[PDB]
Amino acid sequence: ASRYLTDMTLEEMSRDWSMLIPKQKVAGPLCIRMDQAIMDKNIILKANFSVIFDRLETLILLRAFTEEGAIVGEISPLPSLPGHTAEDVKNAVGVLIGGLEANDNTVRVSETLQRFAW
C-alpha cells in the first residue's frame, strides 16, 4: 500500500491561506506559490510525501511556515496531477527557497526534505 510521511499536522495541511502579495510560478508539473510580502523571517519547509517500499516517492504537498506557524509558501502538483520526478521536486524547492531568500528570509528544510535532497 501507498502510505504518507509528513512534517505537517492535519490542521497545517488542511488550512486555507492567503498571500498578502501573491506570487505563483509553474515549474513543469509543479506549482509554486509564495507571499512576496514576507521578509526577515525564519522559515521552515515542511512536506507530505507518498511512501512505497519504505522510500519517498511523490510530493503530495509542501508548505513553508514561519516559526510562529504562518504559511508563506507552497508547492503542489498541478491539478491535472501530471506526476513528477524527484528532480522536478528538487527544482521547485530551489525556486521557492531562492524567492524567499531574495526577500531576506532564512529558510531551512525538514528532516524529511533533507533526506529527499540526495
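The numbering used is simple: start at 1 and walk along the sequence shown.
For this session: Please work out which of 65-73 and 79-87 has the higher mean CA B-factor as recorded in the PDB entry.
Result: Comparing 65-73 with 79-87, the higher mean C-alpha B-factor belongs to 79-87.
For this session: Using only the Cα atoms and their B-factors as the entry lists them, report which of 97-105 and 5-13 averages higher.
Result: Taking the mean B-factor of the alpha carbons in each, 97-105 is higher.
For this session: Identify, among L45, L56, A92, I60, the residue whose C-alpha carries the highest B-factor in the deposited PDB entry.
Result: Largest recorded C-alpha B-factor: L56.
For this session: Rank-wise, by C-alpha B-factor, drop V26 into the lowest, middle or highest third of its chain.
Result: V26: CA B-factor falls in the middle third of its chain.
Exercise. Is the Cα B-factor recorded for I38 in the lowest, middle or highest third of its chain?
Worked result: Middle third.
Exercise. Against its chain's modelled residues, does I32's Cα B factor rank lowest, middle or highest third?
Worked result: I32: CA B-factor falls in the lowest third of its chain.
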